[PDB]
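# Fold and geometry: a report
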Amino acid sequence: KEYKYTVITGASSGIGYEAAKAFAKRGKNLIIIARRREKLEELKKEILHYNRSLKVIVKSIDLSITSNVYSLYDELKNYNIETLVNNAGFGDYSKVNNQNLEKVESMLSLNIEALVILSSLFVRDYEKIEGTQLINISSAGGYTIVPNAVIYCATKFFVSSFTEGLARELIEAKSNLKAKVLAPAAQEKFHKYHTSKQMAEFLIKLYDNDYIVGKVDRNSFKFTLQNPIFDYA
Amino acid sequence: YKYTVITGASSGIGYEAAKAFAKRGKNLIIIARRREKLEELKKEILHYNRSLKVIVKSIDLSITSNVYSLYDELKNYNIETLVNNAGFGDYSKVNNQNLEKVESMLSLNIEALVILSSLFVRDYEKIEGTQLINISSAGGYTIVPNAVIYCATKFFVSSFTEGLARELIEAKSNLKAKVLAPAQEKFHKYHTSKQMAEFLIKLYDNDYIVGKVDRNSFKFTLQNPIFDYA
Ligand SMILES: NC(=O)c1ccc[n+]([C@@H]2O[C@H](COP(=O)([O-])OP(=O)(O)OC[C@H]3O[C@@H](n4cnc5c(N)ncnc54)[C@H](OP(=O)(O)O)[C@@H]3O)[C@@H](O)[C@H]2O)c1
Ligand SMILES: NC(=O)c1ccc[n+]([C@@H]2O[C@H](COP(=O)([O-])OP(=O)(O)OC[C@H]3O[C@@H](n4cnc5c(N)ncnc54)[C@H](OP(=O)(O)O)[C@@H]3O)[C@@H](O)[C@H]2O)c1
């Protein structure tokens, strides 16, 4: 009607959970989507305790089923979407020769199909609305192939190339909507890693700035805003 | 009895690839939706070499359960070579793209190719002489305007196949995986389907993971993996 919402898939844990909290601290109304309804309701209670005025819509749904992706987007037609974050995803690490192919089907339906459908529907309806942003969560593994993660990385090469191509297509069309891609990287005693909260801070930095790519170097773990990486014709 | 399995064999590169492997003396399993087109191709092949075994399998590979049922059928045959060539392309701006087409593209260019590849690797990785050849595109290494989603499916195919090829090498596996990346008429360079099939045979015959046509020069080059690798 008049309120604007920030939509986050995969909001029940990890980066999406902390991303919801980061946008709530910026005073944004939220629609938070995942399978674990009880975890989303917990997140909603935390957010509203911090700021009572915010609107927070819980949507429990399995986005690995194609029909649920379209029906989710239809349920959202009554809300003015300012920002869509495609963060729902998962990863399976294995040699290809003995990988669980049902998990592969899950990585494809969620990491690729759900993200591209929601991205494309959002672009269809909001391309011309000022202030809109599409933020797709890829991975550092969407720009570097990582041993024992061949199929997962391929899904993120899809996310990164799709999002870079879309961002450049929107710019060429002088569209109001912007598209951006976040590419996070990663016993804990000896190895560098970022927390989910730190990763959400990188998401916010990507949102606030006008670079298409926000990427963590897998070697140095420095986070850098940068221009598209892939070759473009 | 060993067989060369080609998906997308009813026209274009896949059709010419079947003819090229038949000239090499290979038995074939040829797969696509149009049964009558496959049956024609069989009769042309047997007109040239009557002693070859050619198996026609009409099936829609954009349906997940069909991909698995097909591979179950293929267990009755010793597969020497699997060529994942079934695919298609849709050129559009994203904002008004037919999402039905997008779904089918995802199911065919990505899902069918990765499932058949992974099943083939599971059974054949230690079998001498075996090759997996996946058909990507020069657009799987360069993003091309008005082909954003299509290119992204081909970035998947290229990165998946490069990653798998290096994984097989590291594991000292007998199986090899390779990727082919092909690229009014009178003013613009192009390759025929027949020429593209000759590039596929070159890739098959040689010791390189990538066979790619340069988008600018249209020169075909055998080369090592292109993407960054950890
Ligand atoms: N360098 C890297 O490779 C890297 C590192 C970190 C994160 N990432 C990416 O960042 C994103 C967040 O992942 P994460 O690290 O934060 O792990 P995570 O804690 O498991 O978060 C992933 C989110 O996906 C949700 N989700 C999973 N399956 C779903 C389904 N079918 N339908 C709807 N929601 C679903 C999960 O919630 P439910 O279980 O409740 O559904 C969860 O909230 C992913 O896209 C991941 O690939 C990449
Ligand atoms: N520069 C480039 O980017 C470039 C250029 C050429 C080719 N390619 C790639 O090379 C491959 C061959 O394409 P092409 O040029 O030869 O065009 P094509 O003539 O359309 O060949 C595509 C093949 O896929 C088959 N097929 C399509 N949908 C199918 C489905 N659901 N189930 C089973 N089989 C299906 C088609 O046969 P049916 O209709 O009978 O099913 C046909 O045999 C594709 O993967 C294409 O992306 C890329």
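This entry lists X-ray crystallography as its structure determination method and reports a resolution of 1.75 Å.

Under the PDB entry, the name given to chain B is Oxidoreductase, and the organism recorded is Clostridium acetobutylicum. This deposition appears in the PDB under the title "Clostridium acetobutylicum alcohol dehydrogenase bound to NADP+, disordered nicotinamide". Checking UniProt for chain B, the heading Sequence similarities (unreviewed entry) contains the comment "Belongs to the short-chain dehydrogenases/reductases (SDR) family."

Identification of chain A as Oxidoreductase from Clostridium acetobutylicum is taken from the PDB entry. UniProt annotates chain A under Sequence similarities (unreviewed entry) with the comment "Belongs to the short-chain dehydrogenases/reductases (SDR) family."

## A short note on the overall build of chain B
Per the secondary structure count, chain B includes six helices and eight strands. If you list the helices and strands of chain B from N to C, you get β-α-β-α-β-α-β-α-β-α-β-α-β-β. Against the 2.2 N^0.38 benchmark of 17 Å for 230 residues, chain B shows a C-alpha radius of gyration of 17 Å, consistent with a compact globule. Over its C-alpha atoms, taken along the principal directions, chain B stretches across nearly 50 × 40 × 35 Å. For chain B, the proportion of its 230 residues judged to be buried stands at 57%.

## What about the pattern of salt bridges?
All names here are of chain A. Under the counting rule described, the total for this entry stands at 14 salt bridges over all chains. With a shortest N-O distance of 3.0 Å, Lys59 and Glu75 are connected by a salt bridge. Here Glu75 lies in helix 3 (residues 66-75) and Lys59 lies in strand 3 (residues 56-60), a separation of 16 residues in the sequence. A relative accessible area of 18% places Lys59 in the buried class. Here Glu75 falls in the partly exposed class, since its relative accessible area comes to 37%.

## Considering empty space enclosed by the protein
Residue and element names in this part refer to chain A. The computed volume of the largest cavity comes to approximately 50 Å³. Taken together, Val7, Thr9, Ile33, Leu72, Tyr73, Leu76, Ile81, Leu84, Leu118 and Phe122 form the lining of the largest cavity. Mapped onto the lining of the largest cavity, the elements with two or more residues apiece are strand 1 (4-9), helix 3, strand 4 (80-86) and helix 4 (101-126). Split by residue class, the lining of the largest cavity holds nine nonpolar, one polar and no charged.

## Considerations on the site of ligand 1
All names here are of chain A. Around ligand 1 there are 25 residues in total, and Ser12, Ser13, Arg35, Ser139 and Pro184 lie nearest to it. In the model, an oxygen atom of ligand 1 is placed 2.6 Å from a nitrogen or oxygen of the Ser12 side chain. Between ligand 1 and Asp62 there is a distance of 2.9 Å, counted from a nitrogen atom to a side-chain nitrogen or oxygen. Grouping the amino acids of the shell around ligand 1 by side-chain chemistry returns twelve nonpolar, nine polar and four charged.

## As for the nonpolar core
Core analysis: the largest hydrophobic core is formed by 107 residues, its most contacted members being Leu63, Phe158 and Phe162 of chain A together with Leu61, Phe156, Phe160 and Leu164 of chain B. Counting 32 residues, the second-largest nonpolar core is a separate cluster that includes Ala19, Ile32, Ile47 and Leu182 of chain A.

## As for the packing of aromatic side chains
Applying the stated criterion across every chain, the model contains 19 aromatic pairs over all chains. Ring centres of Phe202 of chain A and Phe223 of chain A lie 4.4 Å apart, and the angle between their planes is 10°; on these two criteria the pair is classed as stacked. Separated by 21 residues along the polypeptide, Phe202 of chain A in helix 6 (residues 196-208) and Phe223 of chain A in strand 8 (residues 223-226) bring together distant segments of the chain. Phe202 of chain A gets classed as buried once you look at its relative accessible area, which sits at 18%. Relative to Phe220 of chain B, the ring of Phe199 of chain B has its centre 4.4 Å away and its plane inclined at 10°; by these criteria the two rings are stacked. Remark: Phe220 of chain B occurs in strand 8 (residues 220-223) and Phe199 of chain B occurs in helix 6 (residues 193-205); sequence separation between them is 21 residues.

Cut-offs used in this document
- Residues numbered from 1 in each chain as written, not as in the entry; some residues may be left out.
- Chains lettered and ligands numbered in written order.
- Heavy atoms only, no water.
- UniProt positions renumbered as here; feature names shortened; annotations may be inferred.
- Helix = DSSP H or I, 4+ residues; strand = E, 2+ residues; numbered from the N terminus.
- Rg over C-alpha atoms; globule rule 2.2 N^0.38 Å.
- Buried < 20%, exposed > 50% of the residue type's maximum accessible area, 1.4 Å probe, protein only.
- Salt bridge = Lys/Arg side-chain N within 4 Å of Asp/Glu carboxyl O.
- 1 Å grid on protein atoms, 1.4 Å probe; cavity = no way out; pocket = protein on both sides within 12 Å on 5 of 7 lines; lining within 4 Å.
- Points joined across faces, edges and corners; volume = space filled by probe spheres on them.
- Nonpolar A, V, L, I, M, F, W, Y, C, P; charged D, E, K, R; others polar.
- Near = heavy atom within 4 Å.
- Polar contact = N/O pair within 3.5 Å; in protein donor to acceptor, adjacent residues only side chain to side chain.
- Core = buried A, V, L, I, M, F, W, Y, C linked by side-chain atoms within 4.5 Å.
- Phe/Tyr/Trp six-rings, centres within 6.5 Å; stacked < 30°, edge-to-face > 60°.

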